[PDB]
Amino acid sequence: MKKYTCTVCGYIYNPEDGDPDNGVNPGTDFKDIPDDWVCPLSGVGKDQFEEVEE
Amino acid sequence: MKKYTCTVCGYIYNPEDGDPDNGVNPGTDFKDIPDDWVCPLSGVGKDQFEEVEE
Amino acid sequence: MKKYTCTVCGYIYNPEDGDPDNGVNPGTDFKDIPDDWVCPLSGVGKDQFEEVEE
Ligand SMILES: [Fe+3]
Ligand SMILES: [Fe+3]
Ligand SMILES: [Fe+3]
């Protein structure tokens, strides 16, 4: 699965880790995170994230 | 997937659109919406909805 | 699916029933419950639960 980065604050969503404190378990692809989730650091929505392409 | 309507207020849940502001992504069948979700307009529970049959 | 028990208060999570008032539908395996869910009786996290083995 791909990593996504918040373009406002640089936080990286890593699908291996998830975001368990906000209900997003390990192994969750970014597209499957509920659409009301926000960046843990900056508080902005999913629409300010983009794929980390290698 | 089928559309469901709130029988209290007439809101239509359309699975193609979801209800993304409340965490229900596009493509979510009504049976899979978490059971604590409520109608966005009237605030009533899933048990007041019924299938829109054609 | 296996039942899990809260080791703090003895609550039993039964996957057939779920915990629908807190958004966990019937048929949800414990591993798939969002990781910010807490025991309905004692308020403690998933890390204080263990499998009920028969
Ligand atoms: Fe951010
Ligand atoms: Fe309604
Ligand atoms: Fe408990």
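Any read-out appearing in this document is the output of simple, stated calculations on the displayed coordinates, not a laboratory observation. Neighbour counts run over all protein chains shown; Cβ positions are idealised from the backbone, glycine included.
Taking residue A:52 and the conditions (1) more than 25 Å from residue C:29 (Cα to Cα); (2) within 14 Å of another protein chain (Cβ to nearest Cβ); (3) in contact (Cβ under 8 Å) with a residue 12 or more places away in the chain, which numbered condition does it fall short on, given that it satisfies the others?
Here residue A:52 clears every test but (2).
Only one of B:24, B:8, B:52 is aliphatic (A, V, I, L, M) and within 12 Å of ligand 2 (Cβ to nearest atom); which? Spell out the reasoning first.
Values: B:24 fails: within 12 Å of ligand 2 (Cβ to nearest atom); B:52 fails: within 12 Å of ligand 2 (Cβ to nearest atom).
Within the list B:24, B:8, B:52, the selection yields B:8.
Determine whether residue A:23 is at positive phi and loosely packed, with under 14 Cβ neighbours inside 10 Å. Show your work before the answer.
On the way: at positive phi: yes; loosely packed, with under 14 Cβ neighbours inside 10 Å: no.
For residue A:23, the condition - at positive phi and loosely packed, with under 14 Cβ neighbours inside 10 Å - is not met.
Would you point out the residue of segment A:34-51, among those that are part of a helix (DSSP H, G or I) and charged (D, E, K, R), that is surrounded by the fewest Cβ atoms within 10 Å (Cβ to Cβ)? Write out each step before concluding.
The first filter runs over segment A:34-51 and keeps only residues part of a helix (DSSP H, G or I), leaving A:46-48.
With the extra rule that they be charged (D, E, K, R), the set shrinks to A:46-47.
Numbers: A:46: 19, A:47: 8.
Selected residue: A:47.
Limited to segment C:1-33, what total is found for residues that are in contact (Cβ under 8 Å) with a residue 12 or more places away in the chain, polar (S, T, N, Q) and part of a loop (DSSP other than H, G, I, E, B)?
Final tally of qualifying residues: 2.
Output yes when any residue across segment C:1-13 is surrounded by 18 or more Cβ atoms within 10 Å (Cβ to Cβ) and closer than 16 Å to residue A:24 by Cα, and no when none is.
So in segment C:1-13, the residues surrounded by 18 or more Cβ atoms within 10 Å (Cβ to Cβ) come out as C:4, C:6, C:13.
So of that shortlist, the ones also closer than 16 Å to residue A:24 by Cα come out as none.
No; the residues of segment C:1-13 include none that is surrounded by 18 or more Cβ atoms within 10 Å (Cβ to Cβ) and closer than 16 Å to residue A:24 by Cα.
Go through segment A:1-45 and give me each residue that's within 11 Å of another protein chain (Cβ to nearest Cβ) and more than 24 Å from residue C:32 (Cβ to Cβ).
Answer for segment A:1-45, where residues must be within 11 Å of another protein chain (Cβ to nearest Cβ) and more than 24 Å from residue C:32 (Cβ to Cβ): just A:45.
Mind telling me which of the residues C:31, C:46, C:2 ends up being basic (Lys, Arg) and either within 14 Å of ligand 3 (Cβ to nearest atom) or under 8 Å from the mean Cα position of the chain (by Cα) (or both)?
Numbers: C:31 fails: either within 14 Å of ligand 3 (Cβ to nearest atom) or under 8 Å from the mean Cα position of the chain (by Cα) (or both); C:2 fails: either within 14 Å of ligand 3 (Cβ to nearest atom) or under 8 Å from the mean Cα position of the chain (by Cα) (or both).
That would be C:46, the only listed residue that is basic (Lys, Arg) and either within 14 Å of ligand 3 (Cβ to nearest atom) or under 8 Å from the mean Cα position of the chain (by Cα) (or both).
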